[PDB]
């Protein structure tokens, strides 16, 4: 019976629109606070969702932690610009503690980071994070942006994830990307959808560190204007079907 309480908590999270998810969980623990069996079930479920979806967790003023597979370290999460691993609570979405590998990779990682921030800063400027992660050996660039119409009403989530792995170390590179976008209508929060665009582009670079970053950042800017074009024709298409189905509601014969 206590087992049946678990399956429906999942269903509660399944279809709910994104802007509303935070609220419900907050109360779900308070609802089931004495049941440690479903409390551990909840801690498990939220960490996955939060990791699956690149949740932004704010730290101090003007920083963000990105919760995902790629930043996970043990059960903590890496912020590469600072040299810090963070312990977080997934339910509340806040940081609760902080405790701080080729030498050359780091400065390729950095240069991508700095031109990444410059790009987001001019054109994205609402929650907006950008970070570059480095790891048989590739670099990961990431822009996250959550827009709200007002207060807590979700307008969009933009997740743009880019990985490049090097055999040809200095002359030609492979850059793969995924842009995941979630949008909810202000007119109706039950009208919402997710779309995903994949890219696999080859880029020319030199032994120059920053041209390596600038060339990659030139590709992202263009791939992102591309997805955007697709999206604005998907919105208008949907909006237009909404109008068409709404006019079918009029019960009068149509003159």
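Numbering follows the first chain given and starts at 1.
*Do any residues of the deposited sequence lie unmodelled between residue 74 and residue 75, and which range holds their number: none, 1 to 3, 4 to 9, or 10 or more?*
Gap size class: none, per the record.
*Extent of unmodelled deposited sequence, residue 84 relative to residue 83*: Gap size class: none, per the record.
*asked:* Mean CA temperature factor from the deposited coordinates, higher in 207-215 or in 189-197?
replied: Per the deposited B-factors, the answer is 207-215.
*39-47 versus 226-234: which one carries the higher mean Cα B factor per the record?*
Result of the comparison: 39-47.
*Could you say which of 156, 130, 165, 152 has its CA atom at the highest B factor, as listed in the PDB entry?*
Going by the entry's C-alpha B-factors, 165 comes out highest.
*Can you pull the Cα B-factors for 104, 183, 142, 120 from the entry and say which is highest?*
Of 104, 183, 142, 120, 104 has the highest C-alpha B-factor.
_Chain-wide C-alpha B factor ranking for residue 137, given as lowest, middle or highest third_ = For residue 137, whose C-alpha B-factor we compare with every modelled residue in the chain, the answer is the highest third.
_For residue 52, the third of its chain into which the C-alpha B factor falls_ = It falls in the bottom third of the chain.
*CA B-factor placement of residue 13, once the chain's modelled residues are sorted into thirds*: For residue 13, the deposited C-alpha B-factor lands in the highest third.
*Quick one: classify residue 171 as lowest, middle or highest third of the chain based on its Cα B-factor.*
As the PDB entry reports it, the C-alpha B-factor of residue 171 lands in the highest third of its chain.
*Among the chain's modelled residues, which third holds the C-alpha B-factor of residue 178?*
Answer is middle: the recorded C-alpha B-factor places it there.
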